[PDB]
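Since the structure comes first, as structure tokens, the remarks are kept for the end.
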Protein chains: 2
Amino acid sequence: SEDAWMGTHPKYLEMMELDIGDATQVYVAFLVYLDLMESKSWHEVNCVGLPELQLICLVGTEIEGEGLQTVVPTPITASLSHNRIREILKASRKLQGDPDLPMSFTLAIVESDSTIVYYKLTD
Amino acid sequence: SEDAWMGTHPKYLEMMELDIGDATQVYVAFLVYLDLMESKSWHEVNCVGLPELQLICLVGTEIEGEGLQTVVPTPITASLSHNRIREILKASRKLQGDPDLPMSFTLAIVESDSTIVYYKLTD
């Protein structure tokens, strides 16, 4: 766990090259990225930065043709405020460009050591 | 045995005798009930059924002298919606008999590995 800060891991470096400038995102997203890939291995997982709402998120396609996966990095220390999720919905709905559909997203709750707990949150 | 007619744990049996009729509540609430009692230590843990809202919840006194503690059972595969939480707020607020106090509640997230993760959500 010596490098999850500098950029020695290619996948980690790959993530931090995002045009936002947030070390917390890159760390937390890296941990969940490794879970998604090495545990559920979906068709496609991407890392998208939304500078205007100020958040980075992993969105991809569960199954090609489909999508419905938005996972956001969230450390245990982050308490839940409905204001943010409302902004997250807006973020996802905007990037998916779908005309105001009832959707949702999964909170990736990470402990700083290794425990990722996926908490599924809906509108 | 004398408590294995329906279940097989007296405390669990106590919990299912609630007037609602939900096996998910009794399972998940039992796991968190045992955590609260044996691990987190409370002074009073109650299990209250709100058939109106279709939720069951544990409310008691973490410390008797206070009067603000509400924990709701939420499985790791449940979907928490901002819609639900405002309903949960309404549930707790009518339970404690105050219609305007901005309050909060804890989410008791239970993993399939029996891992209870307390996630504190605020209004």
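Measuring max minus min along each principal axis, the C-alpha atoms of segment B:8-123 give extents of 41, 32, 27 Å (largest first).
In this simple spin-label model, placing a label point 7 Å from the Cα along the Cα-to-Cβ direction at both residue B:96 and residue B:27 gives a separation of 3.0 nm.
Under the simplified labelling scheme, the residue B:54-residue A:46 pair shows an inter-label distance of 3.6 nm, with each label point 7 Å from Cα along Cα→Cβ.
Dipole magnitude for chain B: computed about the Cα centre from +1 point charges on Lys and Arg Cβ and -1 point charges on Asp and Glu Cβ, it is near 460 debye.
Distances, shortest first, from the label point of residue A:41 to those at the same position in the other copies read 4.7 nm; the point lies 7 Å along Cα to C-beta. Here the Karplus relation 6.51 cos²θ - 1.76 cosθ + 1.60, evaluated at θ = phi - 60°, turns the backbone of segment B:98-112 into coupling constants of 9, x, 9, 6, x, 10, 9, 8, 8, 9, 9, 8, 10, 6, 6 Hz, with x for every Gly and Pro.
For residue B:18 and residue A:87, a Förster radius of 51 Å and the Cβ-Cβ distance give a FRET efficiency of 0.85, rounded to the nearest 0.05. Inter-copy label distances for residue B:17: 6.5 nm (label point placed 7 Å from Cα along Cα→Cβ; shortest first).
Put in line by how crowded their Cβ is, counting other Cβ atoms within 10 Å and starting with the fewest, A:1, B:104 read A:1, B:104. When each of A:5, A:42 is scored by the number of other beta-carbon atoms lying within 10 Å, the sequence from fewest to most is A:5, A:42. The same position residue A:111 in the other copies lies at 0.7 nm from this copy, comparing label points 7 Å beyond Cα toward the beta-carbon, shortest first.
The H on the amide N of residue A:20, modeled in the peptide plane, is under 5 Å from the matching H of no residue at least 5 residues off or on a different chain. Comparing B:71, B:48, B:32 in a Gaussian network model of chain B, where Cα atoms under 10 Å apart are tied by springs, the biggest mean-square fluctuation is seen for B:48. Each of residue B:9 and residue B:64 was given a label point 7 Å from its Cα along the Cα-to-Cβ line. The distance between the two points is 2.4 nm.
The long axis of helix B:82-95 is offset from the longest Cα principal axis of chain B by roughly 90 degrees. Considering the zone a paramagnetic label at residue B:113 would reach in this model (a point 7 Å from Cα along the Cα-to-Cβ line), which residues of segment A:83-120 have amide N under 14 Å from it? Counting backbone N atoms under 14 Å from the label point, the list is A:109-118. Helix B:23-35 and the long axis of chain B differ in direction by around 80°, with both axes built from C-alpha atoms.
All Cα-Cα distances of the protein assembly as shown, cut into 10 Å bins from zero to the largest, leave 7, 27, 31, 21, 12, 2, 0 percent in each bin in turn.
Reconstructed Cβ throughout: ideal geometry from the backbone, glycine too, with neighbour counts over all protein chains shown. The numbers here are math on the coordinates, done by the rules we state, and not lab data.
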